[PDB]
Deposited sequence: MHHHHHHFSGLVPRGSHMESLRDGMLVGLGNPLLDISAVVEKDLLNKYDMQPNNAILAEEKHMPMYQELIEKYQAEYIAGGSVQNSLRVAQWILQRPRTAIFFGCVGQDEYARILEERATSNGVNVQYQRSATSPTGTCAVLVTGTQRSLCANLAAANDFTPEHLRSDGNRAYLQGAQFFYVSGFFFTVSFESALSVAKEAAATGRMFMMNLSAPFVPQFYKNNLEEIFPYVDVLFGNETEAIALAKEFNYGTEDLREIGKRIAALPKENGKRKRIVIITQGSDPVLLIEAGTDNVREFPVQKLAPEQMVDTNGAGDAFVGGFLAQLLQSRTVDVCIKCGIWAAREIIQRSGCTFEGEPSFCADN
């Protein structure tokens, strides 16, 4: 292990989390059990959550969360580098301090014009509804990656991870990094992130897929992808196989597709096999479980462990995060 093995590109966001009821969702034309991008009409919701629903502030953003979980497991600071854009404000210092405390080397671009992005996380019964106000995260530019220091970080990384969420902000950066990775035989990995990603950016997804070595997503994202790509099936095993079998630029590494299903088994699909492997999870009697699953996976991948160990660490990490929330980061990883 050495510094900067993993680079992640994403949207650093402060989560604003609260328990609410359906009338709040109806007020903002939100569905239960969904993730959306904020529009003008959503904007008053953030202050309302803070002022009237006693909302909690939690460091978030998908890729940021995953790198924080991976660092917590690694216990070796600076092993992962994070790129994304924040404001110059109090929200950015909350994100900076939490991610740096966990061991991430954060390399934030700074917007002086937008505030740090936030994500409403609304809890209603056992359902969650998310509304992401990207704001400064949308000010990310390819140029941030072209400084001398930042290009040395790209040149030195061995592994790359990008969320589908980041396509909203800079697909051009994600693709550029993916092509350089394939061309130098390094791993490029990404997450489907949310149903809106294949629904909104189908062609981007198609264009980047040849350079994807590992694709993560949940069952709902996999089905959403299957609709846009016209697979005519909702069978997750079949969908995984079709994605895994897509043309691949770096033919020397066979694509892996990993599909999480909440409390049901994690599914592993490898190109060139017709046999999907399952990793059962102990059904727990919460925020970013999928992100934590990826952090656990990446912590083992960086230590060259086999995929089955990467996935078991993912499941273990998600289950820790579900138990202890932010407190998990104060403990000692005992995987």
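Not built in the structure, per the record, are deposited positions 1-20, 306-311, 362-365.
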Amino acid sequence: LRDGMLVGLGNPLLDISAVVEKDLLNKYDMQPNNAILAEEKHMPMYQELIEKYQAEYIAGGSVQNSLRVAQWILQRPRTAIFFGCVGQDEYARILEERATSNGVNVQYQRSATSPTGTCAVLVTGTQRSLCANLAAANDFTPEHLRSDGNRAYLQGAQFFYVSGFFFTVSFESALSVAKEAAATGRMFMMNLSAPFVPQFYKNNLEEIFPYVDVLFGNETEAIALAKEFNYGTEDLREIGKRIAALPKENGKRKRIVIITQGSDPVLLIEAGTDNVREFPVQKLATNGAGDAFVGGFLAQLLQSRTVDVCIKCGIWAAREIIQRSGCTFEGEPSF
From here on, numbers count along this sequence of modelled residues.
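Between 59-67 and 304-312, it is 304-312 that carries the larger average Cα temperature factor according to the deposited entry. Relative to one another, 143-151 and 255-263 have unequal mean CA B-factors, and 143-151 is the one with the higher figure.
Among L268, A299, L284, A292, the highest C-alpha B-factor in the deposited entry belongs to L284. The PDB entry gives the largest Cα B-factor of the residues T79, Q158, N230, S173 to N230. Remark: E207 belongs to the middle third of its chain, ranked by C-alpha B-factor as recorded. Ranked against the other modelled residues of its chain, the C-alpha B-factor of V20 as given in the entry falls in the highest third.
Sort the chain's modelled residues by C-alpha temperature factor and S101 lands in the middle third, per the entry. Looking at the C-alpha B-factors along this chain, the one for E221 belongs to the lowest third. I94: CA B factor in the middle third of modelled residues in this chain (values from the PDB entry).
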